[PDB]
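Here the structure comes first, spelled out in structure tokens, and everything after it is commentary.
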Amino acid sequence: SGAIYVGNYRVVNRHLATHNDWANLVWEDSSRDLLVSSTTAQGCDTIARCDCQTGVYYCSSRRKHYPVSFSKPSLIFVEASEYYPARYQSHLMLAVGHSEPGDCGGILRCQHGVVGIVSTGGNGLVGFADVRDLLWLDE
Ligand SMILES: Cc1cccc(CC(=O)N2CCC[C@H](C(N)=O)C2)c1
Ligand SMILES: [Zn+2]
């Protein structure tokens, strides 16, 4: 679990969005596993606007942060799950690092701010949904 709170927006994994997220929907994209909902309170986070390929992510299944080298956002095949049919997920960045299903929502940060959230993983990989291209989150 986890979310990014920026301005009057909440960014979550689309597959973990709540009834309240859907009732306050701003934007969603199944191909990216992202959903953004509106909030009444001002957020605590800021978004990176950069091309970093290193950063640190929070891993809830270890209660720890780990450093990672990750690929640029790309279109990657993701096998069928209870949440989606087999498909290509876009804007996904892969890295070597521990992750388990409940780690989705963990934030990846670089020195410039929030880069993205854990969305996929397994077998010593961790995949992050990028948010750096969503310029409207800032205004
Ligand atoms: C973080 C992690 C580690 C091991 C396993 C998993 C599960 C996983 O990859 N799924 C299920 C949920 C939706 C995901 C998606 N973005 O399509 C795919 C997730
Ligand atoms: Zn950066």
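Chain labels run A, B, ... following the order of the structure tokens; each chain numbers its residues from 1, and ligands are numbered from 1 in the order shown.
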
Neighbourhood of ligand 2 at 6 Å, counting only C-alpha atoms and all ligand atoms, reported as a list in words
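Sorted by chain and then by number, the residues are residues 48, 50, 51, 52, 110, 111 and 112 of chain A.
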
May I have the residues within 6 Å of ligand 1, computed using only C-alpha atoms and all ligand atoms, as a ChimeraX atom specification?
/A:33,78,81,83-84,99-101,103-104,118-122,126

Those of chain A in DSSP alpha helix (DSSP H), formatted as a PyMOL selection string
chain A and resi 19-23

Close residues, residue A:113 itself excluded, 9 Å, only C-alpha atoms, min 6 positions apart in chain, as number ranges by chain:
A: 45-49

So which residues of stretch 77-121 of chain A fall under strand (DSSP E or B) by DSSP, listed as a PyMOL selection string?
chain A and resi 77-78+87-96+107-110+113-121

Shell around stretch 10-23 of chain A at 12 Å using only C-alpha atoms, local window under 2 positions removed, as a ChimeraX atom specification
/A:1-8,25-47,81-84,101-107,114-120,128-131,134,137

Between A:88, A:124, A:132, A:98, which has the minimum distance to residue A:61 (counting only C-alpha atoms)?
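Closest candidate: A:98.
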
Exercise: residue A:68 partners within 12 Å, only C-alpha atoms, chain neighbours under 3 positions left out, as a list in words
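After dropping sequence-adjacent residues, the list is residues 52, 53, 54, 55, 56, 57, 58, 59, 65, 71, 93, 94, 95, 96, 97, 98, 108, 109, 110, 124, 125, 126, 127 and 128 of chain A.
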
Distance in Å - atom CA of residue A:92 versus atom CA of residue A:60:
19.7 Å
